[PDB]
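These notes concern the structure reproduced below.
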Protein chains: 2
Amino acid sequence: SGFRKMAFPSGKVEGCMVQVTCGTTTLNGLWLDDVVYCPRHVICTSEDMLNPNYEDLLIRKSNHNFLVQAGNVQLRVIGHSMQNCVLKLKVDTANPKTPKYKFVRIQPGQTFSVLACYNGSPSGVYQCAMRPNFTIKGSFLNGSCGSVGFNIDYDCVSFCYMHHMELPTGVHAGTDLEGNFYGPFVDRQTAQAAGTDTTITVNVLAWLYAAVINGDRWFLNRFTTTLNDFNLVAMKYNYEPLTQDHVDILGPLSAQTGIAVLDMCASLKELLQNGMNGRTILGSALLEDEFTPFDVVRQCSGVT
Amino acid sequence: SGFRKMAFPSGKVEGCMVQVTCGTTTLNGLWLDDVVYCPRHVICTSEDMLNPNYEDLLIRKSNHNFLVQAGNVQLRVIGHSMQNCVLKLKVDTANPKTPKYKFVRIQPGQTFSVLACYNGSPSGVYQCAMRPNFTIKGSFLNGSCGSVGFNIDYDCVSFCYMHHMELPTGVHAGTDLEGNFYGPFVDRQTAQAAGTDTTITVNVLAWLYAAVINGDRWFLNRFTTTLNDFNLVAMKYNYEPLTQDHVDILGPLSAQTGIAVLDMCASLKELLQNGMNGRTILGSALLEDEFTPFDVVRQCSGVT
Ligand SMILES: CCC[C@@H](C(=O)Nc1cnccc1C)c1cccc(Cl)c1
Ligand SMILES: CCC[C@@H](C(=O)Nc1cnccc1C)c1cccc(Cl)c1
């Protein structure tokens, strides 16, 4: 029993972190096989970041300009190339600690763990969600660029995020490992609007099931609703509309607790319309949306 | 910017996790040098747990009865001994992945990361606090016994906790790595009262400073208070009394933000007396006490 914002064990990712330096800028790199991946803005100076011409900046660079250091050893760079917003530095040595891995592009509302790094050294690990507007609410300081987000299934690390920047609003933006930004963001020091965010409804419902499993049941009521009625409330409170696909993914949690998905929607509707009345659910005084149905089943069963 | 419930990178601890089996029971072990540490209740059967005579149960056991498996390799047990509530199984092979380490006994109100494990395999990592009543509010299922709590300074892992049990209330109890329980708990399947818990005042103040650093400032007010006046409010709301030692540890955060500790106490007093009025602080709708002043400075500066 108990329910925590649990991150994946970061060990397999810690063994991939390196430091990349180009000129005066130092950030983090991900060493997988004989390739080091990092944000392409490692080639920029302060003056460049306002409106960088990355193709032109990279032309002034050579393999010997990218200094890559894994712990205390120096990697020999034999090639460099830009793919979207990431740089791929081919090195002469495959990382011996390379775990089984995949590069995935997650969907908004999905979760992942972030291993925050500075100077190629891991500082901490936390779990978070890719917001519906493609931003993440992380904890990153200058030099955290290149830190990555990932999920782990058995022995396979699926890398899904690489940190690139902090928006003037204090929220974070980044790319998939092919260097494609999530959302409309560009790697430029310019004001950039993030979309209107919404609360991930399927995740709040999953967390409500996790609460029932762990004993917090005060929010259960004598009511039910329909997808259409629930969605009218979801609209009013800027929640994502619930679809049959979301209902389907909640199937196992509904089966385990015997609480029909639409009956749980009616508890959520009442919580949206009345608030929590000074009470808590799983130690939170608000509706939590950073746990997917998969996360809840994993944590509630003991998946290693 | 941003503020997260960050756990230490778990890599150094993952390389120490093993599975220990004795008879029908399987739990987690911590392999450091040539010793494997685990909860002594690994020797118990279901009938034993109600009132176990551990000295007598261990006498029926031999080195060959403790099966210790690190991943897929089998460790040869050359000695066994009970120290308080832990068993120390001497093995013929030192763990090659043994990091620099210490065994520490943390104080109530201090924080640490937990690497939840099952069958010797890591499942997740989360940060938590040792409650003032010596319980922890973790996330543990059957088989998580033997999982450990730790802190990391540079390259040194200080192990501070080993999980032993879940109280009927759903809260967790465990020992230091010398097998001494935190609190009055005994490793028996019996109803056990945990003390009246209190909120860790120094930690809430530290988190209020973290909020100001990251932009959440709505709670700052035109007031101040004294240690005596603040403690009268702390008493009413079951908060730990604030001492000059707590004020002293908040010194750096007070210096960084220029907000005197007693002025921050007056914001906390107003929040205790008025609630949050439907607002949030660092994404929380309640007063967070699982971040120490050290944690806040570490996260806010970038300590790796
Ligand atoms: C002058 C470089 C700043 C860097 C940047 O946001 N880093 C950063 C990241 N996370 C937290 C804090 C910080 C300061 C950046 C700005 C604009 C666009 C891009 Cl691609 C990068
Ligand atoms: C019948 C063994 C149960 C075990 C126990 O609480 N495990 C456990 C731990 N964390 C979460 C869930 C669980 C089921 C235990 C009970 C009483 C005392 C002791 Cl020392 C151990």
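Chain identifiers are assigned as A, B, and so on, following the order in which chains appear in the structure tokens; residues are numbered from 1 within each chain, and ligands are numbered from 1 in order of appearance.
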Note to self: Quick check: residues of chain B within 7 Å of chain A, only C-alpha atoms, returned as number ranges by chain.
What the structure shows: B: 1-11, 14, 118, 121-126, 137-141, 170, 285-286, 302-304
Sorted by chain and rising residue number, which residues of chain A lie within 10 Å of ligand 1, and what are their closest atom pairs and distances in Å to one decimal, counting only C-alpha atoms and all ligand atoms, as a tab-separated table?
```
residue	atom	partner	partner_atom_place_in_ligand_line	distance
A:25	CA	ligand 1	2 (C)	9.1
A:27	CA	ligand 1	7 (N)	9.6
A:39	CA	ligand 1	20 (Cl)	7.5
A:40	CA	ligand 1	20 (Cl)	8.0
A:41	CA	ligand 1	20 (Cl)	5.9
A:42	CA	ligand 1	21 (C)	9.0
A:44	CA	ligand 1	2 (C)	8.5
A:45	CA	ligand 1	1 (C)	8.0
A:46	CA	ligand 1	1 (C)	5.8
A:47	CA	ligand 1	1 (C)	8.8
A:48	CA	ligand 1	1 (C)	8.9
A:49	CA	ligand 1	1 (C)	6.2
A:50	CA	ligand 1	17 (C)	7.7
A:51	CA	ligand 1	18 (C)	9.6
A:52	CA	ligand 1	18 (C)	9.7
A:85	CA	ligand 1	20 (Cl)	8.4
A:138	CA	ligand 1	10 (N)	8.7
A:139	CA	ligand 1	11 (C)	7.4
A:140	CA	ligand 1	11 (C)	4.3
A:141	CA	ligand 1	12 (C)	3.9
A:142	CA	ligand 1	14 (C)	3.8
A:143	CA	ligand 1	8 (C)	6.5
A:144	CA	ligand 1	10 (N)	5.9
A:145	CA	ligand 1	9 (C)	5.7
A:146	CA	ligand 1	9 (C)	9.2
A:147	CA	ligand 1	10 (N)	9.7
A:163	CA	ligand 1	9 (C)	7.2
A:164	CA	ligand 1	20 (Cl)	4.9
A:165	CA	ligand 1	6 (O)	3.6
A:166	CA	ligand 1	6 (O)	4.1
A:167	CA	ligand 1	6 (O)	6.7
A:168	CA	ligand 1	6 (O)	8.6
A:170	CA	ligand 1	11 (C)	8.0
A:171	CA	ligand 1	11 (C)	8.5
A:172	CA	ligand 1	10 (N)	6.6
A:173	CA	ligand 1	10 (N)	8.3
A:174	CA	ligand 1	20 (Cl)	8.0
A:175	CA	ligand 1	20 (Cl)	9.9
A:181	CA	ligand 1	20 (Cl)	9.9
A:185	CA	ligand 1	20 (Cl)	8.8
A:186	CA	ligand 1	20 (Cl)	6.9
A:187	CA	ligand 1	20 (Cl)	3.4
A:188	CA	ligand 1	18 (C)	4.3
A:189	CA	ligand 1	17 (C)	3.8
A:190	CA	ligand 1	17 (C)	6.9
A:191	CA	ligand 1	17 (C)	9.1
A:192	CA	ligand 1	17 (C)	9.9
```
Requested in this report: Please provide the set of residues having any atom within 9 Å of residue B:213, restricted to only C-alpha atoms, with same-chain residues fewer than 2 positions apart removed, written as an MDAnalysis selection string.
Outcome: chainID B and resid 1 208:211 215:217 256:257 300
Item to complete: From the DSSP assignment of the backbone, select every residue of stretch 195-299 of chain A that is strand (DSSP E or B), and format the answer as a VMD selection string.
Response: chain A and resid 199 239 281 284
Counting only C-alpha atoms and all ligand atoms, closest pick from B:59, B:94, B:129, B:162 relative to ligand 2 is B:162
Long-range neighbours of residue A:274 as a CSV table (one decimal) with C-alpha atoms, in the first residue's frame, 12 Å cut-off, only C-alpha atoms, 6 positions minimum in chain:
```
chain,number,residue,atom,x,y,z
A,219,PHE,CA,-15.0,10.7,-3.0
A,233,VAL,CA,-18.2,19.2,-17.2
A,237,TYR,CA,-13.1,22.8,-16.2
A,267,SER,CA,-17.1,10.9,-8.7
A,268,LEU,CA,-14.7,13.1,-10.8
B,278,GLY,CA,-8.0,27.7,-3.6
```
- Query: Got a sec: who's within 9 Å of stretch 241-254 of chain B, counting only C-alpha atoms, leaving out chain neighbours fewer than 4 positions off, as an MDAnalysis selection string?
  - Reply: chainID B and resid 200:202 205:206 209:210 227:228 230:232 234:235 258:262 264 293:294 296:297
Distance query residue A:183 at most 10 Å, only C-alpha atoms, self and fewer than 6 positions along chain excluded, as a short mmCIF file (atom, residue, chain, number, x, y, z; two decimals) with N, CA, C and O atoms, in the first residue's frame:
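Ended up saving to out-v2.cif:
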```
data_model
loop_
_atom_site.label_atom_id
_atom_site.label_comp_id
_atom_site.auth_asym_id
_atom_site.auth_seq_id
_atom_site.Cartn_x
_atom_site.Cartn_y
_atom_site.Cartn_z
N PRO A 108 1.14 13.24 -26.05
CA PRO A 108 0.80 14.12 -24.92
C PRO A 108 -0.07 13.35 -23.90
O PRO A 108 -0.87 12.50 -24.28
N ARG A 131 2.79 17.42 -21.04
CA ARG A 131 1.50 18.12 -20.98
C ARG A 131 0.73 18.00 -22.29
O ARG A 131 1.37 17.88 -23.35
N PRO A 132 -0.62 18.14 -22.28
CA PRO A 132 -1.34 18.17 -23.56
C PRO A 132 -0.82 19.25 -24.49
O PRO A 132 -0.88 19.06 -25.70
N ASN A 133 -0.23 20.36 -23.96
CA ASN A 133 0.34 21.40 -24.85
C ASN A 133 1.82 21.14 -25.22
O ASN A 133 2.50 22.04 -25.70
N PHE A 134 2.33 19.94 -24.95
CA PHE A 134 3.68 19.51 -25.32
C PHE A 134 4.82 20.13 -24.51
O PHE A 134 5.99 19.97 -24.88
N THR A 135 4.49 20.84 -23.42
CA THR A 135 5.52 21.33 -22.51
C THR A 135 5.64 20.28 -21.40
O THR A 135 4.81 19.37 -21.28
N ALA A 173 10.69 22.82 -22.58
CA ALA A 173 10.49 22.32 -23.93
C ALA A 173 11.71 21.54 -24.37
O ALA A 173 12.86 21.82 -23.99
N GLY A 174 11.46 20.54 -25.20
CA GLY A 174 12.52 19.68 -25.69
C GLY A 174 12.10 18.86 -26.89
O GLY A 174 11.00 19.04 -27.42
N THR A 175 12.97 17.95 -27.30
CA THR A 175 12.75 17.19 -28.50
C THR A 175 12.65 15.66 -28.24
O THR A 175 13.00 15.18 -27.16
N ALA A 194 3.06 28.71 -25.58
CA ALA A 194 2.71 27.30 -25.41
C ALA A 194 1.18 27.28 -25.54
O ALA A 194 0.51 28.26 -25.16
N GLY A 195 0.61 26.19 -26.03
CA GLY A 195 -0.84 26.12 -26.19
C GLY A 195 -1.59 26.26 -24.87
O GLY A 195 -0.98 26.20 -23.79
#
```
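One distance worth recording is that between atom CA of residue B:95 and atom 9 (C, counted along the ligand's line) of ligand 2, which is 26.2 Å.
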